[PDB]
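Here is how names work: the chains are called A, B, and so on, in the same order as the sequence lines, proteins then strands, and each is numbered from 1. Atoms considered below: every heavy atom in the structure, side chains included; atoms not considered: hydrogens, waters and symmetry mates. Counting starts at 1 for both ligands and their atoms, following the listed order.
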Protein chains: 2
Amino acid sequence: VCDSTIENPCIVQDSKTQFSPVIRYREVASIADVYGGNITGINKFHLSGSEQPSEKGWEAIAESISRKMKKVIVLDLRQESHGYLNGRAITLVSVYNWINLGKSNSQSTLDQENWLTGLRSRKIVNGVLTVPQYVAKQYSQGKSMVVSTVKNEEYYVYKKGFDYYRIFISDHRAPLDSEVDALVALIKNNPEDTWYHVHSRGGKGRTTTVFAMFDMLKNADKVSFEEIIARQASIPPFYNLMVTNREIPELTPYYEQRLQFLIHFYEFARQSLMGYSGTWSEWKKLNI
Amino acid sequence: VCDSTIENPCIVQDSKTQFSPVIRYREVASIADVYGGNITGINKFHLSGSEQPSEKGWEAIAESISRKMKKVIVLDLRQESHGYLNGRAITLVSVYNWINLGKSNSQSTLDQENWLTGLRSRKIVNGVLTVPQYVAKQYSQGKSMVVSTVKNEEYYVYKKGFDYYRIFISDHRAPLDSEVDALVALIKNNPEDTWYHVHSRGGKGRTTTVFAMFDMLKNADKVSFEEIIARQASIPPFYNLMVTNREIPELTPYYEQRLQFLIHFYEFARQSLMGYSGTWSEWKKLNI
Ligand SMILES: O=P(O)(O)O[C@H]1[C@H](O)[C@@H](OP(=O)(O)O)[C@H](OP(=O)(O)O)[C@@H](OP(=O)(O)O)[C@H]1O
Ligand SMILES: O=P(O)(O)O[C@H]1[C@H](O)[C@@H](OP(=O)(O)O)[C@H](OP(=O)(O)O)[C@@H](OP(=O)(O)O)[C@H]1O
């Protein structure tokens, strides 16, 4: 039985079933129809987001994107190991969902795939907890499931004809400099009309952080920091990056550091639109 | 001005700039995480591949290999003359990219280095076309570039501490018997843990052909021909050697002949694992 430590992490099922719908899908362009302030530069974005989809959720997302549209990149922002069991999204969870904190991206991927390969070799996976059970620390009350499939996200993304690109952000935290560099380079290295579907585990903090970064890179020279944050918070699930006191109070320092990073990334973005040509890491060494 | 004939071939710049990233890098071992069929014998391969890198792409490849690991051999599969101008990959292109078709390997190398030596002696190289310009036959719209450096691939491979080994395969075609012999001998003449980075011009047909040959030599006695081809097609760029009708229809005969060769190479590989001890050329004389 698991106990939520990194030595005995828990298998947590995120999808209620393999048919569960997407509940935090949204498109950034819709901000232009709801936000009452500066909407300059919004309505052209080719940008959607969600929480981790079930197997069937990937169908709904692919359909939503087809209706609004070119190349599609699914942007997985999750550092932690995750995948699918019988079409249900699953995560390998240690306290605060930081199983891969401090690891190189290569090691994060290796540890996830060694885990999925291990599950895939079993006829029955034991100890599968729901999110309520994990929160309630009912570690021994998990279900035993006959394995039909064990898959990584790539399996479902590739099936839709989309590309997959992973940015290894720790849950509840700001991206590290390597991952900021990676996101800026990804955007620059692909056509302006590329569609990006951004997702995290819950489709809240990491997803909305990256949405704001996209916005800043295009518009920081024409829209104030406050209005970028506020307009990103204007569409469901109304995630406001200004808020640093959330349901889990012990995470406040990471929400504070995340907003502080966004302050600095805004200045980088603004200066980049005014002539600066280096990377985020280079700018940060000189300016922070 | 060039006209794409062998008498007046074109200088075509393959890298957008000297900083352009690698877009078709992949490692064969990753098949074990994506392919839903027989993955026997895959996850141990020390094998990566790509298209022709820019100067900066060689950095990214060297870093990727270091993270996954011993001796490293860069396997250049390109018969045609190619090199670098100011860190951008360049090719000397006649119709279908067959400038060196029918030449001995020694002559191919001599013609390439006489060409690079010629460019290196100039202060300005004229007529440098992009791939779009060449496709559009805009032979006179090429750019004139001040020469900072002119280098062959060896310059960048040696800089990384890697070995360089060339297999002279014509674009869009199967390897000739001498080059099959050379590849089998190279693999046999180096330790099992040798890392190979295989590349062609586009990182598609020739690269994936050689990947499949590596796979067959190790696993043809335990994996069906169909599953070897299918599993090699399971990772980006999803190059499927079974497909014989591609974007350029006039090349279909060469894609057909390439698949036919792979059928025969599979039987050679299988018999070799069951006792046969001769070379490909010897086997082919007796069995085809
Ligand atoms: O998917 P579940 O298991 O529900 O967990 C979610 C994810 O961790 C969210 O982050 P992300 O979307 O990046 O994966 C997190 O957002 P933040 O911690 O950044 O706020 C949510 O915290 P709450 O905001 O308290 O709901 C948390 O409930
Ligand atoms: O690098 P560029 O200039 O883009 O040209 C590429 C190379 O010729 C590819 O072969 P290789 O990787 O061996 O160099 C070829 O693969 P095949 O002809 O074998 O299929 C591609 O054809 P397409 O598959 O049609 O894209 C072609 O577009």
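In the vicinity of A/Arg206, heavy-atom distances shorter than 4.0 Å reach the ligand 1 atoms 11 (P), 13 (O), 14 (O). The A/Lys204 neighbourhood of ligand 1 comprises atoms 12 (O), 16 (O), 24 (O), 26 (O), with distances under 4.0 Å to a heavy atom of that residue.
With A/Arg166 contributing its side chain and A/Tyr164 its backbone, the two residues share no donor-acceptor pair below 3.5 Å. Under a 3.5 Å cut-off, the side chain of A/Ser54 and the backbone N or O of A/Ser20 do form a donor-acceptor pair. In terms of modelled atom types and a separation under 3.5 Å, the side chain of A/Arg24 and the main chain of A/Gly202 share a donor-acceptor contact.
Proximity of atom 27 (C) of ligand 2 to the protein is not indicated, since no non-hydrogen protein atom lies closer than 4.0 angstrom. Using a 4.0 Å threshold on non-hydrogen atoms, atom 10 (O) of ligand 2 counts as touching the protein.
Residue contacts with ligand 2 include B/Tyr255, since one of its heavy atoms falls under 4.0 Å from the ligand. The closest approach between B/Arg258 and ligand 2 falls below 4.0 Å for a heavy atom of the residue.
Considering backbone and side-chain atoms together, A/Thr207 places no N or O closer than 3.5 Å to any N or O of ligand 1. For a threshold of 3.5 Å applied to N or O pairs, the pair formed by A/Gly202 and ligand 1 contains at least one separation below that value. Any N or O atom pair closer than 3.5 Å counts here, and B/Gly203 shares at least one such pair with ligand 2. Between A/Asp14 and ligand 1, no pair of N/O atoms sits closer than 3.5 Å.
Taking all atoms of both residues into account, the shortest heavy-atom contact from A/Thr244 to A/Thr252 is O-OG1, 3.0 Å. In terms of heavy-atom proximity, A/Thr207 sits nearest to A/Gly49 at CG2-CA, 4.4 Å. Taking each heavy atom of B/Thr17 and B/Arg88 in turn, the nearest pair found is C-CG, 3.6 Å. Summarising the geometry of B/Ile235 relative to B/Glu27, their closest heavy-atom pair is CD1-O, 3.7 Å, with the distance given to 0.1 Å.
The protein heavy-atom contact nearest to atom 20 (O) of ligand 1 is A/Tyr239 OH, 2.6 Å. Of the protein's non-hydrogen atoms, A/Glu247 CB, 3.9 Å is the one closest to atom 25 (O) of ligand 1. The protein atom (non-hydrogen) at minimum distance from atom 7 (C) of ligand 1 is A/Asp171 OD1, 3.8 Å. Protein heavy atom in closest approach to atom 5 (O) of ligand 1: A/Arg201 CD, 4.4 Å.
Counted within 6.0 Å of CD1 on B/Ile6, heavy atoms from surrounding residues, nucleotides or ligands total 12 or fewer; the atom is thus considered open.
Taking the six-membered ring where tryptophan is involved, the planes of A/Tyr25 and A/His197 are essentially parallel, since the angle between them stays under 30° and well short of 60°.
A salt bridge is defined here as a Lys NZ or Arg NE, NH1 or NH2 lying under 4.0 Å from an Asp or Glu carboxylate O, and A/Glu80 with A/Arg206 meets this definition.
Of all the heavy atoms of A/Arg246, the ones lying under 4.0 Å from any atom of ligand 1 belong exclusively to the side chain.
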